[PDB]
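Enquirer: Enclosed are the sequence and the experimentally obtained structure.
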Amino acid sequence: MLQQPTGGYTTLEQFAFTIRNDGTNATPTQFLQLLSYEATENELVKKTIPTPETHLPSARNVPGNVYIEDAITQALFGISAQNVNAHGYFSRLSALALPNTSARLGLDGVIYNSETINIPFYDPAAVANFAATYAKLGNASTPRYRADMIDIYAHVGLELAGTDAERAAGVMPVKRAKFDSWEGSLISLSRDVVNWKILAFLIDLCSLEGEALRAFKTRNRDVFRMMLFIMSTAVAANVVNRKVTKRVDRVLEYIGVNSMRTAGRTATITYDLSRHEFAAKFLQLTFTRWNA
Amino acid sequence: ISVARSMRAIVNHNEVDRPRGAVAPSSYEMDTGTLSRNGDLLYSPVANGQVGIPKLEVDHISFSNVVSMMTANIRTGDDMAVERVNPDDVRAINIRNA
Amino acid sequence: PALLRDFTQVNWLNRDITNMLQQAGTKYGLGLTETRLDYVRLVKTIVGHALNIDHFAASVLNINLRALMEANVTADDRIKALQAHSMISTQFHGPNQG
Amino acid sequence: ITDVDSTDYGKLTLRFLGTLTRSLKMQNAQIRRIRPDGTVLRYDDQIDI
Amino acid sequence: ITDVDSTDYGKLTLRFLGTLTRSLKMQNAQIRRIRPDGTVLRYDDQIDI
Amino acid sequence: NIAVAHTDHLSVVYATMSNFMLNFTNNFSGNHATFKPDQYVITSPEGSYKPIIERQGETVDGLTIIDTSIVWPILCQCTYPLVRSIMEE
Amino acid sequence: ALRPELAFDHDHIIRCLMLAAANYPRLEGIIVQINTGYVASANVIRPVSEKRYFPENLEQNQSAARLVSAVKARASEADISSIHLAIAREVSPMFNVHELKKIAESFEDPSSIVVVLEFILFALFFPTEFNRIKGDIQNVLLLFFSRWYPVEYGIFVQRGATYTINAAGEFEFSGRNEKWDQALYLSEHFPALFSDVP
Amino acid sequence: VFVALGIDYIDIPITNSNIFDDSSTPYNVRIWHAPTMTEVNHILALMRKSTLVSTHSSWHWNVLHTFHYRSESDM
Amino acid sequence: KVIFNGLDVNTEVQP
């Protein structure tokens, strides 16, 4: 078992979040510096997010060790994932939600049904807290519990593009992001993100409390913003490049507006409708936790 | 010329410790690295807390790699069998309202 | 080339190879790097071998297997196509291969 | 060596999936009641035999 | 160079069609609705699939 | 017409059959509303996990799928020793 | 009178049985083959040539043709081994979770009630095996109830298609209609049609 | 009626207000099975994926209903 | 007609 430090698990060098960029392992904050925003005539205003349902989906009797981190990160940023609701293994998180369960969540990101040798795993209390909210990824598809998938992206916009004045106001102009870019930039970004051990980020987000929690939100804000960025490119209505005198500026439009597109494109990862419901639910839960 | 060259003079000179101009294979030829969660191939991390550099990102060739492959347990593309059950009465079949 | 280590007569070569292999940044391997099993059958499904292969072809092969595995559609989904081409309210049974 | 028919042992004889082979390895294995959640419960003399 | 695989029904549909394709230009060919007036419409995110 | 042959004979057969050495599980408790089978696995810290009861789908043994229609021959196409000159040991 | 042999190891034979059930697929079939042999030696049921499915002479009757086809749809020919297997399955341990052979019925004609009866009879003659397949039969029953009693089916399904018993034994219904799968037999859930809750 | 039918919707033809004209109706209304607000959000978001549909700011019987027009001009 | 504990399969969907 891996002890959780006074800071989150994310404080450990083992869980560094870093996209590739300019031939080096850039941290997300120093990629997001590259991002620049063209405000347009439209305005995003953030509605209150509905409280996530109390219900935790049943973890059906599953003998196997479900690879959950892979499932989640693929559902959010996977290039090729689809029908992320037909399998319904996200419900498995609920198995961890019980006090004193024999199950453990490995750093590998797999949910073992019993503690097992030579497999490091998160402190069960923290994971219990994390499962108590994120098991609800299991009802991302269930009709009674589906998240809004239009309104929520306003928050994404505000947390990604929004200036501190806009984030304070709760309203920003709809923005059109851009950055100097390499060939296939959004894909490689999305995959550098897919490899991230986000379970660390989530477990710290759910277990930490008090000042130590708030210090997390600031330390990890740019990471969360990168996930929000990959996701926003996934739903961005269009994504062009611009010639800029022997340089190329990738331009995704627009931040905070889910176009609900499902047809694929070479430029970015694409959400099937199931992935839209899933990402919506994930955003609902994670944003609900990011504001408290 | 010989942009394609990897090794040269795999022999040992009896006087000097290495032949002049003999060249070892690039280290990248031997870093199998890892298959990432994305299915992208990565070279081994050069330090702790560093992710591996993806192999497609850079121009060096890498002659060992982790290919995922399905086992005998999988089998895709085989024909599969089903029982088909016709509706009992044609006039009982509904169209609208769906 | 990494297999020549401690196995070739040409000393400088084996020294340079042993050096690149003893770097932290590079680490050769050959064989069954990973094993994903079914969550229900408990049998192995997708293995990950470290083949001696160019990273380009390994990347194409991995893209393919990834396209198959991440789709999350099975043979059973074929009944939907059947349900489309068969008379309305026709029933289709089995075999739930998963 | 002991003249037993170990055929189909450690296996699944599915009609449609064919025969499949599970690992026979189980060092220190124990018979334990599991939760419907699928996770193991600590052995309880009160209910388990 | 690439003599594509085809089922016998496919060979039949091929010969039925069943010849030249070269007449069409395809340089940045796109699929778009035209107005009955004959003007070529831009892709409507709400109408065209 | 058949009820005697069931309740007054075949029931006895079920009773004794219940005591057989290999009928080792508790199969039902007579309460559809509450009964669930007790579930066991062979599990090890080294990571093995073998459920005794699994849902694998139709097996080669041909014992998994149930044709309920077996009920019909039993009701309308079967003599019994208690049911059919009618003396029969 | 002392038999000079080793004592029957209850505690060991039970573990070896659990281990076999975990690792050895034939075991179910082996144990069954014993009980079947027992039923076969108990000489309790014998298949006969004379089917007795219909009153005279409704099978001859024209109005009854739909109902008669409906019964002949269900009436399996008697086979000794299949019946012995039924009786035996009632007491043999189950290892792979039993599935219902699925029924297609849409419950339009009144004669469709036959399927319901085929289940009721199955509940009686084999309460145990019925208990194993009962959710799968609940799927057919729901097609029945949605037709014959749509208002009641509305309220019932509105309570929920399943439930879970909690601490202190109180039922907690799902509040949501959904199809049962035998994947649920090993789960906390029960089909709600059998809750017997008013 | 939805739980009883297992359908996700019904599609009612609209009345022509004058009873004398028998001309084909411009659109039909589709009543949806969406008891909760969340189900309605989902049906709306899916509705933006498909042509020639529109809906009222709020619906009668408190049940979500969407107009589907047979042509652009009718809309 | 005849009792058959298995699924009574009777068609083959192609891939």
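Expert: That came in fine, so what should we check first? Numbers count the residues shown, from 1 in each chain, chains lettered A, B, ... in the order given.
Enquirer: now for the helix or strand where residue C:58 lies, which elements pack on it?
Expert: According to DSSP states H and E, residue C:58 maps onto helix C:55-69. For helix C:55-69, the elements it packs on are strand B:41-42, strand B:65-70, strand C:44-51, judged by 3 or more CB pairs under 8 Å, 6 or more residues apart in numbering or on different chains; DSSP states H and E. Using the backbone N, CA and C atoms, a C-beta is placed for each residue, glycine as well.
Enquirer: Next, the buried residues of it.
Expert: Of the residues in helix C:55-69, C:55, C:58-59, C:61-62, C:65-66, C:69 count as buried by neighbour count, 16 or more other CB atoms under 10 Å in any protein chain shown.
Enquirer: And stretch A:168-185, by the same measure?
Expert: Neighbour-count burial for stretch A:168-185 [16+ other CB under 10 Å]: A:172-179, A:181, A:185.
Enquirer: dump the residue contacts of the closest residue to residue B:80 other than its chain neighbours.
Expert: Spatial nearest neighbour of residue B:80, excluding adjacent residues (CB to CB, 6 or more residues apart in numbering or on different chains): residue C:75 at 4.6 Å. Applying CB atoms under 8 Å, 6 or more residues apart in numbering or on different chains, we find residue C:75 in contact with B:78, B:80, C:97, I:13, I:15.
Enquirer: Roughly how far does residue C:75 sit from chain E?
Expert: 19 Å (CB to the nearest CB, to the nearest Å).
Enquirer: One more: residue F:55?
Expert: 37 Å.
Enquirer: go on, residue D:27?
Expert: 50 Å.
Enquirer: May I ask which helix or strand encompasses that residue?
Expert: Using DSSP H and E, no helix or strand contains residue D:27.
Enquirer: What is the neighbour count of it?
Expert: Look at residue D:27: counted by other CB atoms under 10 Å in any protein chain shown, it has 10 neighbours.
Enquirer: ok, and the closest non-adjacent residue to it?
Expert: residue F:46 (4.6 Å).
Enquirer: Ok, residue B:22 next?
Expert: Among residues not flanking residue B:22 along the chain, residue B:9 sits closest, at 3.9 Å (CB to CB, 6+ apart).
Enquirer: Pull the contacting residues for the one you found.
Expert: Contacts here follow CB under 8 Å, 6+ apart; on that basis residue B:9 touches B:19, B:21-23.
Enquirer: So the residue in chain B that chain H sits nearest to versus chain G, what's the distance?
Expert: The nearest approach of chain B to chain H comes at residue B:97, 4.4 Å away (CB to the nearest CB). According to CB to the nearest CB, residue B:97 and chain G sit 15 Å apart.
Enquirer: can you check residue C:75 too?
Expert: Residue C:75 is 17 Å from chain G, by CB to the nearest CB.
Enquirer: thinking again about what came up before, greatest separation within the contacts of residue C:75: which pair is it?
Expert: Largest separation among the contacts of residue C:75 by CB to CB: C:97 and I:15, giving 12.5 Å.
Enquirer: Tabulate the contacts of residue B:9 (a markdown table), appending distance to residue G:138.
Expert: Formatted as a markdown table, the entries for the contacts of residue B:9 read as follows, by distance: CB to CB, whole Å:
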| residue | distance to residue G:138 |
| --- | --- |
| B:19 | 81 |
| B:21 | 81 |
| B:22 | 78 |
| B:23 | 74 |
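Enquirer: Make TSV from these and add secondary structure to it.
Expert: Formatted as TSV, the contacts of residue B:9 follow (DSSP: H, G, I helix; E, B strand; the rest coil):
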residue	secondary structure
B:19	coil
B:21	coil
B:22	coil
B:23	strand
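Enquirer: Weed out the non-buried ones from the residues you listed.
Expert: Among the contacts of residue B:9, those buried by neighbour count (16+ other CB under 10 Å) are B:19, B:22-23.
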